[PDB]
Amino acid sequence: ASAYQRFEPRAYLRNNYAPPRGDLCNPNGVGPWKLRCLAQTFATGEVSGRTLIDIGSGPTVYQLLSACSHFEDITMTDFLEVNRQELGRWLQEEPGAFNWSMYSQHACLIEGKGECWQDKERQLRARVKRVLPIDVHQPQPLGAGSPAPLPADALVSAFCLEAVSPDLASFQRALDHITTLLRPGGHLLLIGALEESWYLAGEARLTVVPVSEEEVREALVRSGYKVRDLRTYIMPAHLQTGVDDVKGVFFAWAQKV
């Protein structure tokens, strides 16, 4: 809550999206694994629609690279102004923006349609219509008079809920809150840390609720989802680096029903 007030976006990016965790060359790393889950999922042609919302985007865009070719209206979100500012720096190709081009290139590699990475970034930048504040603790996380088209055909969320929740029930309630944004029959792609209890973002020291795969699954069910897919990536030693205590990463593909 107040902890997120010290949250340094550049320190978070550095910690998680620069070497070693950001080395995309080795297929056995977490970056490649995440992009694979995303790419494979959309390549099924079963997650489709006009509008999409990314929950708790932070200062990162990688989580939409494969998504952006299946949704013409994309909304990004975060609780922090500084994170929203950092996104704009990349959306507007402004000065000092974070360099996502390695991830773009890899999404292009993985998707295998021979797309160049610049075309990919262009499409993402074009389809992102708005960056909005959000609080998942609020039963109406986007507030009242939201410019975002509701309900969304699909949701994506990476490393948010467990990271903003003191315990299971809060995680459960947060999942309930975002779920109200999703149209019935719609899809949620959810990615997150497994059995993590803290991580660092510069001066900020954030508390995390350690969750298991089974816990994640049960929560989705409780929230009204059929779980179509749930995979775990176990975190190799070399990617365990003092910035946190994550044990694995989960990917869930859930369908509101």
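Heads up, when I say rigid core I mean the largest set of C-alphas that superpose within 1.5 Å between the two forms. Throughout, we count residues from 1 along the sequence that is shown.
Averaged as a root mean square over residues and superposed structures in 9 other deposited structures of this protein, CA distances to the shown form are larger in 90-98; the pair compared was 90-98 and 106-114 with a core fit. Larger average C-alpha displacement in 9 other deposited structures of this protein, relative to the shown form after a rigid core fit, is seen for 203-211 when comparing 203-211 with 42-50. Look at the mean CA B-factor for 104-112 and for 122-130 in the entry; the higher one is 122-130. Here 153-161 and 133-141 are compared by their mean Cα B-factor, and 133-141 comes out higher.
The PDB entry assigns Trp253 a C-alpha temperature factor belonging to the middle third of its chain's modelled residues. When the modelled residues of the chain are ordered by their C-alpha B factor, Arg231 lands in the middle third. Split the chain's modelled residues into thirds by C-alpha temperature factor. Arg36 is in the lowest one.
When the modelled residues of the chain are ordered by C-alpha B-factor, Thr44 sits in the highest third. Per the PDB record, residue ranking by Cα B-factor puts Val211 in the lowest third of the chain.
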